[PDB]
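Shown next, in structure tokens, is the structure this report addresses.
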Ligand code: HEM
Ligand code: HEM
Ligand code: HEM
Ligand code: HEM
Ligand SMILES: COCC(=O)O[C@]1(CCN(C)CCCc2nc3ccccc3[nH]2)CCc2cc(F)ccc2[C@@H]1C(C)C
């Protein structure tokens, strides 16, 4: 009931005090993000709490953070915490651990190079054209646009074609076989009934693992499993599947089911994340028409006459970059980074017992007054070539840092940027009566707007 | 490991001998139906086995059967066995038990009278017209027809409109909100991984009931729960919802959530059952064109010039009735009837300990040589007014018998008959090269064809 | 997590508000007794709380209490709550439920008549002689006496010989086979780690029931099971075993294992209960030498010259009775009486939903100022023939009331009285320096002294 | 249900075929030992089976065995399989794993040197004198002697005094506090109900670990935990406790609770093991009076006139050694050695997947005709300095081999030898009518006689 509940009181580490069995989870009634702020303010720089019986040690010192993410990554802090029954998805690089992770990490790093990415741009860019045509039809008829559905559909189209060559217009084909399953691959709400129970009955995982109950649905994983065995057997492009089929012709060649595992996790990592950030950005651009106009101006300069964006001209645009980064400062959608302490260690004047989840509260550091002037404000300027220098890369970590960081970072920024470019080239975006202002974050376990973002969309 | 595994060896009752923990479930590798036959042949008239640790006493004596289903129903054998975590669906009349069942049974019996049914015929009959139009378009283009999809869609249309007034053409609207959830309400395969585990880990039910994992999906039950709260609040027809909303204006008036519970179970009881029998019947009529022609002839006689069937002219047709009943003899899709023994009893020279599932092997009795001449053969004649007399109603029980029998019997026969009438009026049905002949039953826990039934469909 | 946690807020019933999963069990940090008082004071006459998810409705109205214990006992409130995995001890009359309880209750009522008891007095009385000899040897050498060990040994001797004819001097034979197991049969601490977990993981019971883990130890129950099969087979006295072997030569004759079940529960009900009350009484008599002297005087009057007590002269003694009853007022060692509500009901202007544990806080009513003048004080007089009249038998219930009350009441009072008589005849009892004064009740789940009672024991 | 059940059929490895859920455990109805022989004969040199879902790869090639036990011990095969909920005893060197094991292994190796052992001989030897006095009193009165009780008591006396300095005559004090708990520390029967369930519900371990249910009893571990905190605090000899208290004044000094953990495991490893081998040896010496006489002769030669054995004269005796070793050949009481495969590997032309329990069937190799002439026969000669050479130390492994072997080997042989010496010096031992001849091994999970060994004991 109190297993390890004296561990932090003992070691000298402060923090809220736990309740038996539940630990501190009642504190999650306002969300991971709000609880992390309060803990930063009211306890300082290091603190501890209990996800049920599991102690979690929050750390906020950039040198200490670097040690965990960078320095001792491979020796002490290699893995994230178990979070549910995962079945065969224990082979997805995100879930695999220790050496199996390192092998998967290596077998996949060449798939995410800039070269591989530059050759996917003409595919990603095609569904930007699709986006504008579907945006225009809703811009034609004066009717508010709900960003999450139009950007949701764009993200889906980008994934089907980048990882499977499946060329869909997911919006206009809302009944395709390939759209129904991939749309069931949403991000996990670790504050919803099931995942909370898993936290205070971690011993229920093995019970579930033996009933073959799985947090990745049996049908989705089954449909994609067989749908990929078709694609492999009809090919025998430039998409993730093929680069992976390539890398299996100094570690053990990528297995068959391991390739299926990665394709599904790429979807999981890329679907809701992308559409959610594109919507946050559109909210900020719609509530600061000066930033929007400025970006539209920077776009028309590089791309004269709605010229089509390319890998190289995308990377030209400084102010676009500043909008993307400043939006991810406010809304880092992972909320936290975490690693399991797998040994006893001392790092930066602090002993850490084997088994503690060490956690880095990204949302709260990105909104720390002590590192950010006027943190609540959308201020794209803080990332200009002028100011970009005094930003610590261990305070601002929307993609994490170190060897276990987001292997999809460059792909995701290039995907979102292509979207925002082709959309601002043709449209302007305005607040509504119904446009929730100021926007409220959800109280749940996902960093998303309370109410969806809806906006007026006009044509240029 | 062997809890109660001597109970039948002791009492004197024969039967296969169990394995620890698993009981006799390895015997289910050929299906409930085949295992029940072998047990009838090789052990006689009474026998016992173990679904894991749970003893099941099979009985085949018509007097003994009557005692269980009819005589001592309310005192000893009131309930079916628990079969999964059910959540709020513990209020569906099928799952409720003891007095709560009797109340629900009474609060719903007037909803299934013949009067209420005769006023639903013009609704049911409308989607017969819809069936023929969709059948014709597939009969127009010479392309094999897969019965389960065209009869699947008809069954869905009949349910939406009979229980919610929702008027859909489910086939041509394969993307309606109301079709996606109700199509996820299929019959349970108690021989599939999950339900088998539930059988040898019955103690896993409470674990699941507390994670709110449920065998009726949370979304389906949630969508229908709210979708009904709309219909109640827009009404404030002749459909099940309204007759139920009626019966809540000597027992406790039907509750709100109890009404939601029944509407979903009516779907569960009526969707796959109906479409599966309609397909079995079409198989038999397509593999005996003499029966088919004879029925077409009996239909044209009562209904001159594709005249539209009515409640009364439907009940006119003897040979139609004989085809429906003879098909349900071969294919009684419940396979077994069961009741939990809730007390110790002696019935017909046999003591039965509290807790035994008493079970009646319908599939095997319907195909018993000792009651049926040439049981394997489709012989509609055995049910004519001439021969219908020497059929024991405790050997032939496709809808069960007694107070807990199928409260939807008359509705289901009238629904299927309306379908078969309007379809034979306009079409003839022929075997294919691909038409699996002879048809094989599935090895799983549902009584359905191994491979789907597909047939040539011509026009008259 | 909150299953039924709105049930009392809804029905209108007040009470502390629950925490998810745990309900109100954090409130048990001071004990059932103290929590029950606070709830009586601060919420009044009726209230509700949650043992995890299980709602418990406390009631304190004598008419309402009578309804539950007496009036609707057989129809609505027949059983106590499940409390642990019990294995075969589900046949002990205390644990059995509904009709199986009524049968066991009837098959055992004639074993507890006054006639049967009067013939056990010469056995019980013999080990009073044994008590005095062992008390004297500790009274001889001036050394404090720890009541729980000398009365513990007396209680054990009374049980072995009353239920099995086994004639031991448990103290001087602290290594007999028959003493080691029966001494492991102590009362359950429902506030200790295991039983608390059972309360907030009631779903863990079936898991345990299938590993054959049992709250009655496998060895104790096994030793006594075989040790009784010896006694049955060597007999083939006046003791419980024989009266039971008798009653199996209008319900089903007592089974073999059912007889073993009762013998163990008689031990469980009678061992720690008796020794604990004898010690409470000795504390009160030692902290009021006037009561003690008065009782010694009433004993010498009826029993001139340490004359040996008999059934009839035991029942002569009014003041003895008043001391026993007043001690059980302060220390009713069951603390609460409970029944499961098995139907919906209205009783005395109150609706009660099926499934609620209805609970009667005996400890708090016995110490209610509103029924007892100076409740904290040991006042034997309130039970004299003069005052015994205005005591409601539904406020003062140390043995419960109604058909499910203590079937061992008369036996227990006669056993304790014989002890107290033969001991006061020969000894006087005095407070020590170490004698905890005032005595503190344990904070756990058993009503016993914090620290053991130790006292000076002199000879007469 | 069949998780990994194709792993051996796939890899090419033969073996009995499994049943769902249970694997091959029905095969354990004759015991680990008999099942291991049949598997050696009927499948050859390598085979696989399933303890439920857990694959176990048996290996019998001395080079392959050496690789696992010696060569790749620290890299691949460091740990034994989890076997039950162990609580804090996860710190006992036997249960600890990976580096924590290596640290414990090092912190304890100097406690088992020959120097430390030679200084414990005068303690061990003292309770040999105690043994002879208690043996004589049973040899005085002509009454069969049950070896397991007289050698059981000797083993207990040797442990209390070697690990805690507690100087008991456990037999004549069968009621000491320190004897009652340590006698509850018997070897685990992994074929008894509980441990078998753990094998096919390994997921039940975490459920138990959270109810603090433990396979080392809470009371035994609690009594010894506090009883050691006394001994530490009264000291602040030459016994295990002190050598351990010593080693905590290049790894982390032995913790407090870690020291308590080791003391209990030393008891667990040493109590039943020793007494069981001493009894096997006495059986063999009593059923071959020529060996016995020969040993008595070799003892009288080194120790003239019942001279007292010393470390050095104990190691003098070749024929004693040959009797001890030949008895452990027949009866290697661990039965199997095992290690978990923690990586994928190829060793001696064989790939082994991560997670397989690799197992070495000691009992069956010790009785392999292909390495042992007349294996069923007790032939002390095979271990003489003449023949001891062609015995492979990877076929004959009564204490295992390699870094994880029995850290108590020398202590155990010296303890048993001192016993056998002082006993044969004074007694001769003869078969009885009741002496089970030939002796049968138990069908359970412990290598012990079916029926106890009883023998005539005469004096010299
Ligand atoms: C705006 C979009 C995205 C954001 C903000 C984001 C952020 C993150 C973060 C914070 C992590 C954990 C980093 C850490 O623990 O240090 C992560 C991991 C990961 N992400 Fe992204 N991500 C995005 C999109 C994508 C995309 C398109 C992919 C496509 C392949 C992807 C694949 C992954 C993978 C595989 C990991 C786990 C890597 C490993 O365990 O070695 N993510 N992401
Ligand atoms: C061909 C179609 C159908 C067949 C063959 C069939 C057969 C059965 C059988 C064998 C039982 C159990 C009988 C027993 O235990 O004695 C049953 C129960 C039931 N059926 Fe039907 N059924 C069909 C369609 C329907 C329909 C359309 C409804 C619509 C309301 C329905 C509602 C129910 C209910 C509520 C029960 C449980 C009744 C109770 O527990 O009191 N069924 N059915
Ligand atoms: C001072 C000693 C004792 C006290 C204070 C005591 C008190 C109680 C109480 C409060 C109950 C529950 C009553 C209820 O729910 O209304 C009970 C039940 C019971 N007691 Fe006693 N008890 C004592 C000794 C004994 C003895 C010696 C026996 C010997 C047979 C015994 C046998 C039982 C049984 C069998 C029940 C359950 C009866 C049933 O469920 O029908 N008890 N006791
Ligand atoms: C006749 C008596 C004994 C026999 C036959 C015996 C045999 C064994 C065997 C086969 C093993 C496992 C070896 C392996 O996996 O390679 C073992 C382990 C062990 N034994 Fe002994 N043993 C005996 C007595 C003792 C005694 C007196 C001690 C006292 C300390 C002891 C302490 C241990 C320990 C601590 C281990 C685990 C070592 C580790 O995991 O590193 N044993 N024993
Ligand atoms: C839900 O919180 C945001 C989130 O989903 O973060 C990840 C999921 C990480 N998962 C492998 C489980 C690890 C345990 C965990 N419990 C958390 C609760 C709150 C906050 C963070 C938590 N971490 C992080 C890495 C990752 C790796 C992939 F391969 C695919 C998707 C993702 C997402 C991220 C891209 C948005």
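Chains as they are written, first to last, in the entry's author numbering: chain Z, 26 to 261, 268 to 280, 286 to 496; chain X, 26 to 261, 268 to 280, 286 to 496; chain B, 26 to 261, 268 to 280, 286 to 496; chain L, 26 to 261, 268 to 280, 286 to 496. Note that the Cβ used here is the ideal one computed from N, Cα and C, for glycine as well.
Any non-hydrogen atom of ligand 5 within 6 Å of residue 305 of chain Z CB: Yes, ligand 5 has a heavy atom inside 6 Å of this Cβ.
Residues bridged to residue 68 of chain B [DSSP beta-bridge criterion]: Beta-bridge pairing links residue 68 of chain B to no other residue.
Neighbouring residues, chain X, relative to residue 235 of chain L (Cβ below 8 Å): Per Cβ cutoff of 8 Å: no residues; residue 235 of chain L is ~13 Å from chain X at best.
Proximity test, residue 442 of chain L beta-carbon vs ligand 4 heavy atom, cut-off 6 Å: Checking the Cβ of residue 442 of chain L against ligand 4 gives yes.
Within-7 Å CB hit, residue 281 of chain B to chain L: Since the model of chain B passes from 280 to 286 in one step, residue 281 of chain B is not part of what is shown.
Cut-off 6 Å between Cβ atoms - residues of its own chain near residue 395 of chain X, not counting five sequence neighbours on either side: Cβ neighbours of residue 395 of chain X within its own chain (closer than 6 Å, five residues either side excluded): 81, 83, 372, 374.
Alpha-carbon to alpha-carbon, residue 272 of chain B and residue 232 of chain Z: Their Cα atoms are separated by approximately 45 Å.
Closer than 7 Å to chain B by CB, residue 116 of chain L: Not one chain B Cβ lies under 7 Å of residue 116 of chain L.
Any chain L beta carbon closer than 7 Å to residue 231 of chain Z: Residue 231 of chain Z counts as touching chain L.
Chain Z within 7 Å of residue 147 of chain X, Cβ atoms only: Closer than 7 Å: no.
Check whether residue 104 of chain X and residue 313 of chain X have beta carbons under 7 Å apart: Result no, Cβ atoms of residue 104 of chain X and residue 313 of chain X do not sit closer than 7 Å.
Within-7 Å CB hit, residue 220 of chain X to chain B: Not a single CB atom of chain B sits nearer than 7 Å to the CB of residue 220 of chain X.
Top-ranked residue by Cα proximity to residue 67 of chain Z, from Z:261, Z:40, Z:340: Check the Cα spacing between residue 67 of chain Z and each of Z:261, Z:40, Z:340: the tightest is with Z:40.
Integer Cβ distance of residue 136 of chain X from residue 274 of chain X, believed to fall under 8 Å: Contact holds; Cβ gap of about 4 Å.
Residue 419 of chain L, DSSP secondary structure in three states: Shown here, residue 419 of chain L sits in a helix according to DSSP, grouped into three states.
Residue 310 of chain Z: CB within 6 Å of a non-hydrogen atom of ligand 1: For residue 310 of chain Z, the CB falls within less than 6 Å of some heavy atom of ligand 1.
Inter-stretch contact (C-beta, 8 Å, three-pair minimum) for the region 420-437 of chain B and the region 87-98 of chain B: Touching, per the Cβ criterion.
One or two residues paired with residue 73 of chain L in a DSSP bridge: For residue 73 of chain L, which the question treats as bridged, DSSP gives the partners L:82.
Within chain X, partners of residue 47 of chain L - CB distance below 8 Å: Contact note: residue 47 of chain L reaches chain X through 44, 45, 46, 47, using a C-beta cutoff of 8 Å and chain order.
First and last residue of the uninterrupted alpha helix (DSSP H) at residue 457 of chain B: Segment 445-460, the alpha helix (DSSP H) holding residue 457 of chain B.
Sheet register partners of residue 373 of chain L (DSSP bridge): When beta bridges are read from the DSSP output, residue 373 of chain L appears opposite L:396.
For residue 494 of chain B: DSSP bridge partner residues: Answer is B:464, bridged to residue 494 of chain B.
Whether residue 400 of chain L touches residue 86 of chain L by CB criterion (7 Å): Their beta carbons are not under 7 Å apart, which means residue 400 of chain L does not touch residue 86 of chain L by this criterion.
Local Cβ density within 10 Å of residue 182 of chain X, reported as buried at 16 or more and exposed below that: Buried, since its Cβ has 16 or more Cβ neighbours within 10 Å.
Three or more C-beta pairs below 8 Å linking the region 480-492 of chain X and the region 165-181 of chain B: Not touching, per the Cβ criterion.
Paired residues, beta bridge with residue 388 of chain B - DSSP: Its beta-bridge partners are B:381.
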